[PDB]
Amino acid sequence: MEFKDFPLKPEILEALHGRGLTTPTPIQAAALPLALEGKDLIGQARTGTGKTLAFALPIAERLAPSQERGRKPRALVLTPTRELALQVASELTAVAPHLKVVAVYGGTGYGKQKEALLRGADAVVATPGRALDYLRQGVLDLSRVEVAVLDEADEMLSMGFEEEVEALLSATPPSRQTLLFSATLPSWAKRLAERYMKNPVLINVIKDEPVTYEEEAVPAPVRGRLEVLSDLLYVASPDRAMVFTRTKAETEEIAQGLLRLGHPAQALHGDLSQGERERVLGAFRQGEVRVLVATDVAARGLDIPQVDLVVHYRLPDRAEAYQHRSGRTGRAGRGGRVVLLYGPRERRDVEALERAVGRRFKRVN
């Protein structure tokens, strides 16, 4: 079905078509029928899936225009970062020209956002900390919210916003539509689905997502590869990074090496107990650990957070392994980056990978 085939108001369709948007992405095609009818859903998606429009369109269609001075918002979208709040606010503004969208975030003054809220708003796109400040001030009123969106729930959890998110949702009416989007579903997300949502349908598009990350094949010697990795990590300065290697022993050697060189790194391998694995992934999610060095076996699962950089320390054996590793990159609206380290010997190994993947990697020449 094209967008014109969905039940959308004439102005909304015209806005889509003006931007050359005609055909829903998979998450949009699956979510729209439920979302347009005000039902709750969990959208398990990563990068470049079009999840923003999957909630912006229902907000646009469900909310009628209002010119009431000082009006309270009827939609709340919560995002983990200022960067994402700005991108989402921008998209919602273009999808719904009839709604006043207000972006709310910290790092700046309180004055301009306060004035905008007081003037009247239809939708608020906010980081949870600043939204909560305005709520307690009495500036942001959420009693008329009809749609609440949690965009990247697992990352809000990682930024320490869990209690803020729950407070904000509790300030909205219980008849609200709730839409939750997240790459992973940790315990806190499942608690939300249970206590803050109404039997949401889960739609998981992980297996049908476009490649959004930058890929670079980097020639690197076997000897002293650790220093090469460490310098790359300092230069790139990712908030979270995952480094893949072949064996358990390697994950230990590398994690310990990176720790010695100043990186908060930990090994993730198959011989850890569930306690050990839970603590590692928990520390990773929380930011206490920022580099995870893992084997392919240990990284299988839904409990692994998205990262900003994936490094292939050894080459993957197969295209399947390459994609499983590399798909972990990209969070918070950013496409992320993948680096394949390869030695003097492995040129054809890389070419075979490219052939199998059906995609050429950028050569650092």
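So that there is no doubt, residue numbering starts at 1 and follows the sequence shown.
Across the two stretches, 74 to 82 and 206 to 214, the PDB entry reports the greater mean Cα temperature factor for 206 to 214. On average the C-alpha atoms of 299 to 307 have higher B-factors than those of the other stretch, with 299 to 307 and 50 to 58 being the two compared. For the set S230, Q286, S170, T178, the maximum C-alpha B-factor listed in the entry falls on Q286. Highest CA B-factor among the listed residues (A319, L340, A35, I42): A319. Per the PDB record, residue ranking by Cα B-factor puts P200 in the lowest third of the chain.
In the PDB entry, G120 places in the middle third of its chain by CA B-factor. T329: CA B factor in the lowest third of modelled residues in this chain (values from the PDB entry). Among the modelled residues of its chain, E276 has a C-alpha B-factor that falls in the highest third according to the deposited record. Ranked by Cα temperature factor within the chain, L315 sits in the highest third according to the deposited record.
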